[PDB]
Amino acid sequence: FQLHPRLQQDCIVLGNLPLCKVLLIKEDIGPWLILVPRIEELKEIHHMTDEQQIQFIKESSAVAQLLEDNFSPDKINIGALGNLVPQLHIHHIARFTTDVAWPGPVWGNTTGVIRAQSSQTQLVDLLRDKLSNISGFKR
């Protein structure tokens, strides 16, 4: 397995859960996290075996609860699109009635602004700490 170049360029790799690599989108919105099952040439969720899907949803829900516990979002959005980047990746985004894309989807509706260095470092450290409380996480 190898993380797709586009996901690597757009994110900070927070660490690895048993199945999915966990990424943080660098854009100043969210937090916007992405789970990437470490399985080669994967296009659709249903292409994973039923058992891989089970581990995926467990990790997905653990990360979603993490977003709920730390950022008290008005709503959480989860999505698997992959129209351009072929490598299966699932977005997990904290949404607010005040964000630039509300109430529509974040995809294709952001300002493109990047999170400040000090802010990025602080968020990454907190996220890694909270992810470490999830079984199997490795930074």
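The numbering used is simple: start at 1 and walk along the sequence shown.
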Checklist entry - Do the CA atoms of 117-125 or those of 20-28 have the higher mean B-factor in the entry? => result 117-125
Checklist entry - Would 108-116 or 58-66 have the larger average of its C-alpha temperature factors, as given in the entry? => result 108-116
Next on the checklist: Just the C-alpha B-factor column, please: which of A94, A80, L42, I34 has the biggest number?
Outcome noted: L42
Item to check | Cα B factor band for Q53 (lowest, middle or highest third within the chain) | outcome: lowest
Checklist outcome for this item: Binned into thirds over the chain's modelled residues, the C-alpha B-factor of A101 lands in the middle
